Every structure is written in structure tokens, then in C-alpha cells.
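Below you'll find the structure, written out as C-alpha cells, and then a few comments.
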Amino acid sequence: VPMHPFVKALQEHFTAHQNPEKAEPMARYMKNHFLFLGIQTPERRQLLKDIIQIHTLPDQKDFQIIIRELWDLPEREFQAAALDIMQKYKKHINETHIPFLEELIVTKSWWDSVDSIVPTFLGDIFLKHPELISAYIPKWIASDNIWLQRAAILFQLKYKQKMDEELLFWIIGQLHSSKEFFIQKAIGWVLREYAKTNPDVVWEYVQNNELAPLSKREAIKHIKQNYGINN
DNA sequence: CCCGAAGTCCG
DNA sequence: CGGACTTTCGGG
Ligand SMILES: Cn1cnc(N)c2ncnc1-2
């Protein structure tokens, strides 16, 4: 079965505007885990727009198919395009898509893809269906996969006043001993972000609970100005 | 335009 | 460790 024509068209159009000179530092930035075509985000978005203008966005029945086919292509720009495309089908995504989103998190995994999947798409789903959190988060925490663990930490990143504090701190407590950089940093990030909403609770937490030095330092990067640094 | 959010380099 | 800096991106 041939590649979906929309994907084939995107592949052709991206490839015609590839930039090998730019591709080398872009690939190095991601620790050479991926090939790159060398197309940065402003141009990449315009080339996608070009293809939508000519071909129109595929019927929703092909949504998951399109995403998978782009996910399977070697160059990283195709996963970036896939996430742009998924945003265009946002109003069709619901709680039944959690396993589909899971599979995206654990394939071609790195911080760029996982950070674009988790606080937005998964975050919105669990905000609407908080009863489903306990069907997934304990498995993610227990998994060997650091990107599922990072997802458990970051899905609440944008919740602000809707943050489930008890849940957040329980998750962090489960992962605080991790020696993985991307876990320590994710803990630091979610705490720093939540501190913008509730600085007192974050300050109390970091002063009275074990964290990696990296996590604590990232957590209080801003609020240490409000509380001061004791001699 | 502005600010806030991985990577290298060096002490 | 972790500060000083890098370029890119999201969002205002
Ligand atoms: C991706 N990226 C680029 N530049 C910075 N200064 C950053 N801080 C966090 N993430 C960053």
C-alpha cells in the first residue's frame, strides 16, 4: 500500500528545500539521535501550509495514519510536522487517544517530541478526565522508560490553579531519587512553573523534601528572590 | 520587539 | 556541581 498522498507530497516538498549545512548543527543539538533535513521551524511551518493549501487537510479518518507515517520517516522534521498536523486535528482528540499518544511518546523519543506531546495533548485530556489519571500515571512511573516518567511529571505543567498538588508531590516523591538528567530537570521545571502560581507551597516542599540538587536549584530559580538566601 | 523555556565551555 | 554563555522556539 502506497504512502498516503498527503505524506508523500510533504516529503517531496520538504526534501526540495533541505539544507545540509544547517542539518549538521541541528542534528548535533539533538546528540545525533536523528537525521535532519535542515529546515527550521518558520520555514517548516510554511512548507506544511503550502501543502495544506494545495491538497487540503486529509479527512479525520486518516489522522492517525498520517501521523504514524510521518513518525516512521527518518528525518526529525517529519515528526515536528506530525505534531503540527496533530494540532490541526485537536478538536477530534479525546480520552480514547491516550494509548495512541503513549505510543508516540515512546517511539523516536527525545525532549523535543515528548515536551510537545505531554503538557498540551495529554494535559488537556487529563484536565477533562481526571478520573483517568490513575489508569496511566502509576504504570508510567513504574516503567523503565524515562520518557513516560517525564510525561507523568509534566502533564500538569500548564494547570496553574487546577494543579492537583497532592498528586504532583506524590509523583515527584516517586521519582526524586532518579539519576536521569531528563527526570531531575523535569521535576525542576514543573516546580518552577507551579511556583508562579503558588510559591509558598513550592518553597515549603523544596525546603523539607529530598530532591536532586539540580531539581531544587531549577525549582527556586525565581522564587529564591522572594524568600532570600540564608547565610 | 520583548522575555522565559535544551546545548557547550570552563573553573 | 553549576555559572556563563549559545541558538532556537513559544508566546506576548
Ligand atoms: C531550547 N532552548 C534554547 N535556548 C535556551 N536558552 C533554552 N532554555 C531552555 N531551553 C532552551
Side-chain angles (χ1 to χ4, degrees), chain A residues 14 17-49 70 75-88 90 104-105 108-124 127 145-163 168 172 175-199 202 206-207 210-226 228-231:
Chain A
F14 280 18
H17 294 269
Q18 71 183 125
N19 184 330
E21 293 93 332
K22 290 200 180 190
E24 182 179 347
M26 292 175 75
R28 190 190 329 118
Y29 185 56
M30 298 313 173
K31 300 293 190 76
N32 290 107
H33 289 305
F34 314 100
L35 301 178
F36 276 77
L37 289 174
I39 306 171
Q40 293 179 306
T41 294
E43 181 170 17
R44 200 197 63 242
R45 294 228 165 95
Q46 180 59 44
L47 295 175
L48 175 58
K49 190 177 188 173
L70 290 163
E75 294 86 3
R76 191 53 161 177
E77 286 88 348
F78 293 114
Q79 287 94 69
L83 292 168
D84 285 336
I85 289 173
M86 194 157 69
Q87 183 63 34
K88 297 179 181 300
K90 175 77 179 186
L104 290 177
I105 289 166
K108 307 289 194 83
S109 309
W110 205 235
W111 58 266
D112 58 328
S113 55
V114 179
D115 293 355
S116 296
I117 294 170
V118 168
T120 47
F121 296 95
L122 277 172
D124 283 344
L127 200 50
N145 189 299
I146 64 167
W147 301 106
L148 290 177
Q149 293 180 337
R150 183 157 164 126
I153 293 161
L154 294 178
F155 80 93
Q156 295 192 98
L157 182 67
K158 306 214 67 177
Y159 280 13
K160 299 188 174 182
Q161 301 79 17
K162 295 195 169 307
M163 176 69 74
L168 178 66
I172 292 168
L175 293 168
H176 83 275
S177 288
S178 175
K179 299 181 184 178
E180 288 276 2
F181 168 85
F182 287 114
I183 298 306
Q184 299 185 359
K185 188 63 177 288
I187 287 167
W189 189 9
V190 75
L191 288 171
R192 192 198 315 116
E193 190 67 18
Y194 188 50
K196 302 182 188 187
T197 296
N198 196 336
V202 174
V206 302
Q207 297 310 334
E210 278 176 311
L211 292 174
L214 172 60
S215 298
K216 179 173 182 170
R217 167 167 31 89
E218 291 294 338
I220 64 171
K221 169 146 70 168
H222 304 303
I223 65 170
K224 71 189 172 78
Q225 269 58 251
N226 302 108
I229 298 153
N230 298 333
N231 288 309

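The sequence lines fix the lettering, A, B, ..., with proteins before strands; numbering per chain opens at 1. Note: hydrogens, waters and symmetry copies are ignored here, and every other heavy atom, side chains too, is used.
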Worksheet item: Can you check whether A:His222 has a side-chain N or O nearer than 4.0 Å to OP1 or OP2 of B:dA5?
Response: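 Indeed, a polar side-chain atom of A:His222 lies that close.
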
Discussion item. So for atom CD, which belongs to A:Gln46, do other residues, nucleotides or ligands contribute more than 12 heavy atoms lying within a distance under 6.0 Å?
Written reply: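 Atom CD in A:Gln46 is crowded, with more than 12 foreign heavy atoms closer than 6.0 Å.
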
Discussion item. Looking at A:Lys90, I want to see if its NZ is surrounded by more than 12 non-hydrogen atoms of other residues, nucleotides or ligands under 6.0 Å.
Written reply: yes

Worksheet item: Are A:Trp111 and A:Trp147 close enough, and set up right, to give a ring-ring contact (aromatic ring centres under 6.0 Å, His included), and what steps lead you there?
Response: CA-CA 8 Å; A:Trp111 58 266; A:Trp147 301 106; 9.0 Å; no

Item to complete: Cation-pi check, A:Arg150 to A:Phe182: give yes when NZ or CZ is under 6.0 Å from the six-membered ring centre and within 45° of the ring axis, no otherwise.
Response: no

May I have the distance from [X] (atom [atom1]) to [N] (atom [atom2]), rounded to whole angstrom?
| X | N | atom1 | atom2 | result |
| --- | --- | --- | --- | --- |
| A:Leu214 | B:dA5 | CG | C1' | 15 Å |
| A:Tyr29 | B:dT8 | OH | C1' | 11 Å |
| A:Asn32 | B:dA6 | CG | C1' | 15 Å |
| A:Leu157 | B:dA6 | CG | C1' | 15 Å |
| A:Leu191 | B:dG4 | CG | P | 19 Å |
| A:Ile146 | B:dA6 | CD1 | P | 11 Å |
| A:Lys31 | B:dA6 | NZ | P | 11 Å |
| A:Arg28 | B:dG7 | CZ | P | 13 Å |

Discussion item. Between A:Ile105 and A:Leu122, is the side-chain contact (heavy atoms from CB on, under 4.5 Å) condition met? List the steps.
Written reply: CA-CA 10 Å; A:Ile105 289 166; A:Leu122 277 172; 3.4 Å; yes

Practice prompt. Could you tell me from which nucleotide to which nucleotide of DNA chain C, 5' to 3', there is an atom under 4.0 Å from chain A heavy atoms?
Written response: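 So the contact region on DNA chain C extends C:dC1 to C:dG10.
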
Worksheet item: Would you find a donor on one side and an acceptor on the other, under 3.5 Å apart, between the side chain of A:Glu77 and the backbone of A:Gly38?
Response: yes

Discussion item. Using a 3.5 Å distance criterion without hydrogens, assess whether the side chain of A:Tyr159 forms a donor-acceptor pair with backbone atoms of A:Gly123.
Written reply: yes

Worksheet entry | Dot-bracket summary - DNA chain C, pairs being Watson-Crick or G-U whose distances fall under 3.5 Å, with | when paired to another strand | ||||||.|||||

Worksheet item: Can you check side-chain contact (heavy atoms from CB on, under 4.5 Å) on A:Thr197 and A:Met163, steps first, answer last?
Response: CA-CA 9 Å; A:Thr197 296; A:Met163 176 69 74; over 6 Å; no

Worksheet item: A:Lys216 and A:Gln207: side-chain donor and acceptor closer than 3.5 Å?
Response: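 Yes, because at least one side-chain N or O of A:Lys216 sits under 3.5 Å from a partner of the opposite role on A:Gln207.
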
For [X], report the nucleic acid contact type (base, sugar-phosphate, nothing); a contact means any heavy atom under 4.0 Å.
| X | value |
| --- | --- |
| A:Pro42 | sugar-phosphate |
| A:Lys22 | nothing |
| A:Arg44 | nothing |

Which pairs of donor and acceptor atoms, one on a side chain in residues 22-32 of chain A, lie under 3.5 Å apart (sequence neighbours left out)?
from, atom 1, to, atom 2, distance (Å)
A:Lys22, NZ, A:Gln40, OE1, 3.0

Practice prompt. Tell me which of A:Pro213 and A:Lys158 sits closer to the 5' end of DNA chain C, going by the nucleotide each one is nearest to.
Written response: A:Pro213

Worksheet item: Which comes earlier along DNA chain C counting from the 5' end, the contact point of A:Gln40 or that of A:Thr120, where each point is its nearest nucleotide?
Response: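 It is A:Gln40 whose nearest nucleotide is closer to the 5' end.
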
Item to complete: Identify, via the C1'-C2'-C3'-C4' dihedral, which side the sugar of C:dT6 sits on: north or south.
Response: north

